[PDB]
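Only one structure is covered here, and it is reproduced in the block below.
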RNA sequence: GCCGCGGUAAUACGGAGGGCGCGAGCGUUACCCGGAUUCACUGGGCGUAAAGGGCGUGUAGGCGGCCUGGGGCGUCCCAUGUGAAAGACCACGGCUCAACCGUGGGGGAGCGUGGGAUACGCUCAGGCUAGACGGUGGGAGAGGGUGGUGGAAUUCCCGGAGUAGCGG
RNA sequence: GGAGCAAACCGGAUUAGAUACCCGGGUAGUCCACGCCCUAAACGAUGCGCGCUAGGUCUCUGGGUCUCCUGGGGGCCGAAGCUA
Ligand SMILES: NC[C@@H]1O[C@H](O[C@H]2[C@@H](O)[C@H](O[C@@H]3[C@@H](O)[C@H](N)C[C@H](N)[C@H]3O[C@H]3O[C@H](CO)[C@@H](O)[C@H](O)[C@H]3N)O[C@@H]2CO)[C@H](N)[C@@H](O)[C@@H]1O
Ligand SMILES: NC[C@@H]1O[C@H](O[C@H]2[C@@H](O)[C@H](O[C@@H]3[C@@H](O)[C@H](N)C[C@H](N)[C@H]3O[C@H]3O[C@H](CO)[C@@H](O)[C@H](O)[C@H]3N)O[C@@H]2CO)[C@H](N)[C@@H](O)[C@@H]1O
Ligand SMILES: [Mg+2]
Ligand SMILES: [Mg+2]
Ligand SMILES: [Mg+2]
Ligand SMILES: [Mg+2]
Ligand SMILES: [Mg+2]
Ligand SMILES: [Mg+2]
Ligand SMILES: [Mg+2]
Ligand SMILES: [Mg+2]
Ligand SMILES: [Mg+2]
Ligand SMILES: [Mg+2]
Ligand SMILES: [Mg+2]
Ligand SMILES: [Mg+2]
Ligand SMILES: [Mg+2]
Ligand SMILES: [Mg+2]
Ligand SMILES: [Mg+2]
Ligand SMILES: [Mg+2]
Ligand SMILES: [Mg+2]
Ligand SMILES: [Mg+2]
Ligand SMILES: [Mg+2]
Ligand SMILES: [Mg+2]
Ligand SMILES: [Mg+2]
Ligand SMILES: [Mg+2]
Ligand SMILES: [Mg+2]
Ligand SMILES: [Mg+2]
């Protein structure tokens, strides 16, 4: 039962800030806002989910990327609630395109993971229980969810592909398909599997991000609750 | 005033296709229609049809592309890679049948107006005629 | 030849050894075409590289929207005359080969005559209204010409007051 | 015709010199009419006309059912594309 749960508070988005290549997915400009076509979202939904279903059961990987602030957290919920990687704070240049190298930083993280619970939580020169331990802070900050995948993913799920354009670029460059929740903001043509929605509303990001992680576990059996996905929602 | 309606038509097509338009209208002419027929038969366009735009005769023209493509820039391959007038008001070009050219070793057409009607190179060569060399499409 | 070598370690000068290339020849100079899509038909350019005329008006010229009919000048087709020989292309032959040559075949732009086609171009006649022009009503404007007129300022002249400098 | 400005020119400075830059004078000229001249970084350094190809934003000027839509003109950012 998706359907009218979309009208729920999740249809339409921005206004006169549009990309005109997103014109097909628009129903009208009621009240000076671009109300995005409800039902075309559904036609795009199944096709997308179907690709995820297939990708999920094949034991592949999605990379979740939401760095815009309203998504920051609801992304790291659903990604963890799917055992998938996520990128949350900053998309770094070449997480994908220069993966090998950015990986070496994961490699470094767990050398320092290995010195907190260690005999050297007592020793190390004075100016190194900040020098080393502050290095682990940043590595913790950016490479929280990215620490998981250790070969390129098989797809990426992007929240705002215009906000997250550097990421999409790299995907396509590498022929990694691009799933995205996108809206009037964005150029659809370079999203492979698009979910015409609303990159802003915590409702919309939530409704979609979660139900997609249903399918992900549900292609593996044994679904859980509609998730810890309500920050202090309001 | 529009000096060459055929060049116009061709160019409307060239232009609409370069931004993956679904269709273009082009002011209607019988001659224009005959060129489209060929164009359609040879699978460059989907097809075409008469219409009125502000109650005046056009020819809507349904364009046609490849599939979506892979990496960066997934814009479709084009069916009309090339389309180009030859004979023009400034300089008409006429050929005998022995000097009708082979367009891109035949992977391409040349439309061609003859006294046995508008024809492609092959149609006209087998029909043993020449005439005004209108345009080449690949 | 062009780029450039030579000022004490010159594969660039001169000689040696060695090597490369052609060979009864090999180099030089001169001249033509090439490369040179560097006069661009095929096949180029002009915002800053060379290159948009200072701007208009408009002659000759070039180019010309949509529909129907007539003519068939361009255009296309068929047939035919002509395109000598040599040379050029291909066979087969003659000098031992070849060069040279004999025979036969095949092309060949262009032009003449007769027949045909009528899509596009031209032409003649007819139609249309999408170009163009016009009519009605409404507008903004340091567009232009003539006459008039206003205030501020500078200079000069006259008057008052004022005195030792001003100006730069 | 001539107020002011001002090539030339007459002076004062500055300078090694100063045929200049600075200061003080100053004629043509700058002004008007008529007649010539016909040039320019006469520049958008971009010939004219026509059709076609995303948008966004600011501005001048018309019309509409005046939130918004639709002409004409002047700018800015920019699709496709073009460009050394
Ligand atoms: N050079 C720029 C301008 O060219 C203008 O006119 C020219 C341009 O408008 C246009 O030329 C186009 C050019 O715009 C565009 N960059 C693409 C095209 N290659 C050119 O085209 C030209 O050259 C090609 C060969 O290259 C020819 O095959 C073609 O027939 C010819 N029109 O068509 C005209 C042909 O020369 C004006 N003369 C003037 O504004 C200025 O000279
Ligand atoms: N017509 C009969 C004979 O034909 C000959 O014409 C022929 C020959 O001269 C020549 O033919 C021969 C060719 O058949 C044979 N298989 C090879 C030989 N290379 C050619 O020879 C020619 O070409 C080369 C280089 O082009 C030159 O030596 C020279 O041009 C000529 N000898 O080209 C023509 C066709 O083969 C003579 N030119 C002519 O004097 C003689 O009558
Ligand atoms: Mg960063
Ligand atoms: Mg078009
Ligand atoms: Mg003939
Ligand atoms: Mg020596
Ligand atoms: Mg030498
Ligand atoms: Mg030597
Ligand atoms: Mg040449
Ligand atoms: Mg040319
Ligand atoms: Mg050139
Ligand atoms: Mg120049
Ligand atoms: Mg000009
Ligand atoms: Mg004119
Ligand atoms: Mg004329
Ligand atoms: Mg005509
Ligand atoms: Mg004739
Ligand atoms: Mg002969
Ligand atoms: Mg023999
Ligand atoms: Mg003949
Ligand atoms: Mg008429
Ligand atoms: Mg002086
Ligand atoms: Mg002076
Ligand atoms: Mg003075
Ligand atoms: Mg401009
Ligand atoms: Mg405008």
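Protein chains in written order, with PDB author numbering: chain B, 7 to 240; chain H, 1 to 138.
Note that beta-carbon positions come from the ideal geometry of N, C-alpha and C, so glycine has one too.
**Prompt:** Hey, out of 171(B), 215(B), 212(B) and 207(B), whose CA is closest to residue 197(B)'s CA?
**Reply:** 171(B)
**Item:** residue 179(B): contacting residues in chain H (beta-carbon distance under 8 Å)
**Value:** 71 and 72
**Message:** For a quick check, are the C-beta atoms of residue 76(B) and residue 162(B) less than 8 Å apart?
**Reply:** In this structure, residue 162(B) does not lie closer than 8 Å to residue 76(B) by Cβ.
**Message:** Just to confirm my understanding: we take residue 39(B), look at its own chain, exclude 5 residues before and 5 after, and list those with CB closer than 7 Å. What are they?
**Reply:** 18 and 21
**Asked** In angstroms, rounded to a whole number, what distance separates the CA positions of residue 223(B) and residue 13(H)?
**Response** 49 Å
**Message:** Does residue 64(B) pass the burial test, meaning 16 or more other C-beta atoms within 10 Å, or should it be called exposed?
**Reply:** exposed
**Cα-Cα separation, residue 97(B) to residue 109(B)** = Roughly 14 Å separates the two Cα atoms.
**Asked** chain H partners of residue 196(B), CB-CB under 7 Å?
**Response** Simply 74.
**Item:** Whole-angstrom distance between residue 148(B) and residue 82(H), CA atom to CA atom
**Value:** 49 Å
**Message:** I'd like to confirm something about residue 98(B): is its beta-carbon nearer than 7 Å to some heavy atom of ligand 3, or not?
**Reply:** yes
**Request:** Would you mind listing the alpha helix (DSSP H) stretches within the segment 71 to 148 of chain B that are 4+ residues and don't spill past its ends, in chain order?
**Result:** 78 to 86, 105 to 118 and 137 to 148
**Prompt:** Where does residue 127(H) sit, in a helix, a strand or coil, going by DSSP?
**Reply:** coil
**Request:** Could you have a look at residue 27(H) and say whether DSSP puts it in helix, strand or coil?
**Result:** Here residue 27(H) carries a strand assignment [DSSP, helix/strand/coil].
**Residues that DSSP places opposite residue 174(B) in a beta bridge** = Note: residue 174(B) sits in no beta bridge, so no partner.
**Asked** Under the DSSP definition of a beta bridge, which residues are partnered with residue 62(H)?
**Response** 23(H) and 47(H)
**Message:** Rounded to the nearest angstrom, what separates residue 129(H) and residue 56(H) at their Cα positions?
**Reply:** One alpha carbon belongs to residue 129(H), the other to residue 56(H), and they sit about 35 Å apart.
**Message:** Does residue 72(B) pass the burial test, meaning 16 or more other C-beta atoms within 10 Å, or should it be called exposed?
**Reply:** buried
**Item:** Cβ contact check for the segment 52 to 60 of chain B and the segment 109 to 123 of chain B: 3 or more pairs under 8 Å
**Value:** A contact is defined here as three or more CB-CB pairs under 8 Å, and the segment 52 to 60 of chain B fails this definition with respect to the segment 109 to 123 of chain B.
**Item:** Distance, residue 213(B) Cα to residue 12(B) Cα
**Value:** 8 Å
**Message:** I need the boundaries of the alpha helix (DSSP H) containing residue 2(B), first residue and last residue.
**Reply:** Given a span of 7 to 240 for chain B in the structure shown, any question on residue 2(B) remains unanswerable.
**Asked** Does the beta-carbon of residue 18(H) have 16 or more other beta-carbons within 10 angstroms, so that it is buried, or is it exposed?
**Response** exposed
**First and last residue of the uninterrupted beta strand (DSSP E) at residue 84(H)** = 83 to 85
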